[PDB]
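Working notes, beginning with the structure itself.
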Amino acid sequence: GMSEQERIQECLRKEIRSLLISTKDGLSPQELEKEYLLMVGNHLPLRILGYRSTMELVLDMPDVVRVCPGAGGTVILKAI
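If you want it as C-alpha coordinates, here you go:
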(Lines of atoms letter the chains of each structure in order from A and count residues from 1; the text may use other names and numbers.)
(Lines give C-alpha, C1' and ligand atoms only; values in the text may rest on other atoms or scores of the structure.)
Protein backbone atom coordinates (compact mmCIF):
# COMPACT_ATOMS: atom_id res chain seq x y z
CA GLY A 1 0.00 0.00 0.00
CA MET A 2 2.38 2.69 1.36
CA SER A 3 5.21 0.60 -0.25
CA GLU A 4 3.40 0.82 -3.65
CA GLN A 5 3.03 4.65 -3.32
CA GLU A 6 6.79 4.96 -2.53
CA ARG A 7 7.62 2.96 -5.71
CA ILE A 8 5.29 5.34 -7.75
CA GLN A 9 7.16 8.33 -6.22
CA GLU A 10 10.53 6.62 -7.06
CA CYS A 11 9.46 5.82 -10.66
CA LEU A 12 8.38 9.46 -11.39
CA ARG A 13 11.53 10.89 -9.73
CA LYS A 14 13.70 8.61 -11.99
CA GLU A 15 11.67 9.65 -15.09
CA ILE A 16 12.00 13.41 -14.37
CA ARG A 17 15.80 13.16 -13.66
CA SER A 18 16.26 11.08 -16.89
CA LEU A 19 14.33 13.74 -18.93
CA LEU A 20 16.28 16.72 -17.52
CA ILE A 21 19.67 14.86 -17.85
CA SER A 22 19.00 14.20 -21.60
CA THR A 23 18.53 17.99 -22.28
CA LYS A 24 21.26 20.61 -22.96
CA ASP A 25 20.43 23.34 -20.38
CA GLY A 26 17.16 22.25 -18.69
CA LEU A 27 13.46 22.69 -19.58
CA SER A 28 10.74 25.18 -18.61
CA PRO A 29 7.87 23.66 -16.48
CA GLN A 30 5.67 23.82 -19.69
CA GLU A 31 8.41 22.12 -21.83
CA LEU A 32 8.84 19.34 -19.16
CA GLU A 33 5.12 18.32 -19.16
CA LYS A 34 5.20 18.29 -23.03
CA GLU A 35 8.44 16.23 -23.09
CA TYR A 36 7.18 13.85 -20.37
CA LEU A 37 4.05 12.97 -22.43
CA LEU A 38 6.14 12.54 -25.59
CA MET A 39 8.97 10.48 -24.11
CA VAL A 40 7.16 8.51 -21.32
CA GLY A 41 3.92 8.08 -23.33
CA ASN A 42 1.68 9.29 -20.47
CA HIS A 43 0.80 12.68 -18.99
CA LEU A 44 2.49 13.85 -15.72
CA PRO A 45 0.51 12.02 -12.95
CA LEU A 46 -0.39 15.38 -11.33
CA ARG A 47 -4.02 14.80 -10.19
CA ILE A 48 -3.50 11.23 -8.84
CA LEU A 49 -0.49 12.41 -6.73
CA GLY A 50 -2.35 15.55 -5.49
CA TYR A 51 -0.56 18.18 -7.63
CA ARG A 52 -2.33 21.04 -9.49
CA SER A 53 0.69 21.74 -11.75
CA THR A 54 4.24 20.75 -12.77
CA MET A 55 5.73 23.45 -10.46
CA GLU A 56 3.90 21.90 -7.47
CA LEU A 57 5.34 18.47 -8.47
CA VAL A 58 8.98 19.66 -8.98
CA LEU A 59 8.93 21.71 -5.71
CA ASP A 60 8.04 18.41 -3.94
CA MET A 61 11.33 16.89 -5.32
CA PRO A 62 14.08 19.50 -4.45
CA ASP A 63 16.64 16.62 -4.29
CA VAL A 64 15.87 15.80 -8.00
CA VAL A 65 15.08 19.18 -9.67
CA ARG A 66 16.91 22.53 -9.41
CA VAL A 67 14.68 25.59 -10.01
CA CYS A 68 16.84 28.02 -12.06
CA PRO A 69 15.90 31.54 -13.35
CA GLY A 70 15.69 32.93 -16.91
CA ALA A 71 14.62 36.06 -18.80
CA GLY A 72 11.73 37.93 -17.16
CA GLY A 73 11.62 35.69 -14.09
CA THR A 74 10.98 32.58 -16.26
CA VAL A 75 11.87 29.22 -14.71
CA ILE A 76 14.25 26.64 -16.21
CA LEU A 77 14.23 23.21 -14.49
CA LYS A 78 17.50 21.25 -14.30
CA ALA A 79 18.48 17.75 -13.04
CA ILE A 80 20.66 17.49 -9.89
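Under my numbering, think of the first position of the sequence shown as 1, with each following residue one higher. Every residue gets a Cβ at the ideal spot worked out from N, C-alpha and C, and that includes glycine.
Leaving out five residues before and five after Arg13 in sequence, what residues of the same chain have Cβ atoms less than 7 Å from its Cβ? Position 13 of the sequence shown, counted from the first residue, corresponds to residue 13. So the qualifying residues of the chain are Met61, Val64.
Grab the span of the alpha helix (DSSP H) containing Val58 for me, first residue to last. As a position in the sequence shown, residue 58 is number 58, starting the count at 1. Annotation for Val58: the continuous alpha helix (DSSP H) segment containing it runs 54 to 59.
Is the beta carbon of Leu27 less than 8 Å from the beta carbon of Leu59? As a first step, residue 27 must be located in the sequence shown, where it is residue number 27. As a first step, residue 59 must be located in the sequence shown, where it is residue number 59. With a cutoff of 8 Å on beta-carbon distance, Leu27 and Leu59 are scored as not near each other.
Terminal residues of the beta strand (DSSP E) in which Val65 lies: For the purposes of this step, residue 65 is taken as the residue at position 65 of the sequence shown. Start and end: 65 to 68.
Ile21 versus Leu32: straight-line alpha-carbon distance, rounded: In the sequence shown, residue 21 corresponds to position 21, counting from 1. In the sequence shown, residue 32 corresponds to position 32, counting from 1. Spanning the alpha carbons of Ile21 and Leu32 requires a straight line of approximately 12 Å.
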